[PDB]
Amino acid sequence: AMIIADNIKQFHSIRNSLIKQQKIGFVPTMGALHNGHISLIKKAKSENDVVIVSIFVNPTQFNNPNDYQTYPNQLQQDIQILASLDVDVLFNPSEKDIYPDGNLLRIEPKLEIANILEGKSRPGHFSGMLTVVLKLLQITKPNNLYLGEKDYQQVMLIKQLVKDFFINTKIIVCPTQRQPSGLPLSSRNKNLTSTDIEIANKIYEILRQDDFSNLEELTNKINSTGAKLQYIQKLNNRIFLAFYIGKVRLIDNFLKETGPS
C-alpha cells in the first residue's frame, strides 16, 4: 500500500493527486533507517494525513569522497521499515533526477552559524545540504517538515532557508534519540567495529558525568580513548562536538545542563 516514486515524474503525479484541504508531512533522509529516523516518522504520522519520506544520499553535501562511498545503504530493508510504519509515499530519486544538469546553482550560506562547528569542519557540506533541501521542498511541497535536533545548525540553516525563500511549511524539530549510553543513533554507526563501540561507549561514560567546566581537560580524556576529538565547544547552554573513532565520524550536541540523556 505504501507507494514508491522512483523518479520525479512518478512523484509529481502522486503529489498533484492531493488536496490542499489536507496535511502533508515530510521526513527527508539518506536512508539506512534507525530509531532516530523512525521517531520523526511516527511524529509525522501523528500530526498529518499524508506522510512522505524521501531517501537520497546527496553527493554535493559530502566533502569527504570516501565518506560518500563508505555511506551505508540498505534500501530493501528501509522499504520494509518504512512500510511497517504505514508511510504513504517513498520518494527515492537518483542524482540525475535531482541534478539533471549537475550542480550549477547552489545555495551558499554567509552567516556566522555557518562558519563554525560543522561548517568549519565540513567545507561545502552546508551549501550542498541547503541546495538539496531546497529542491526537496520544492518538489514535495509539504505542510509540515520534520528534523532532528541532532544536527543543530542544519535545523537553524533550514529554518532560515524556508523563511528567506517564502516556502510555506512548518518545521518541527524532534529530540535526539540515543542508546542507553547516551550515544546518539547515527547511520554511520553501522560502519563502526565492535572495538569502536567500546570506545564510543567509553566516551559517553566520560560525557555522562563531566562538568564541561574545563574543556581542554575533556578533550584530553576523549582523545585518550583512541578517538580523535575534532571540535568541542560551548554555545549558550549547549555543548557541541565532533570526533572520529577509526575512520567513522560522529557528531553530537546536547544541553550542557542536561545530557547526554
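Numbering starts at 1 and runs along the sequence shown.
> Looking at the deposited entry, does 46-54 or 213-221 carry the larger mean Cα B-factor?
Between 213-221 and 46-54, it is 213-221 that shows the higher mean C-alpha B-factor.
> Taking the mean of the C-alpha B-factors per stretch from the entry, tell me the winner out of 159-167 and 186-194.
So the stretch with the higher mean C-alpha B-factor is 186-194.
> In terms of the chain's CA B-factor thirds, is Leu75 lowest, middle or highest?
Tercile = middle for this residue's CA B-factor.
> Split the chain's modelled residues into thirds by Cα B-factor; is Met129 in the lowest, middle or highest one?
Bottom third by C-alpha B-factor.
> Select lowest, middle or highest to describe the third in which the CA B-factor of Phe26 falls within its chain in this entry.
Lowest third, going by the recorded CA B-factors of the chain.
> Where does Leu137 sit by CA temperature factor within its chain: lowest, middle or highest third?
Tercile = lowest for this residue's CA B-factor.
> When the modelled residues of the chain are sorted by Cα temperature factor, does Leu147 land in the lowest, middle or highest third?
It belongs to the lowest third of the chain when residues are ordered by C-alpha B-factor.
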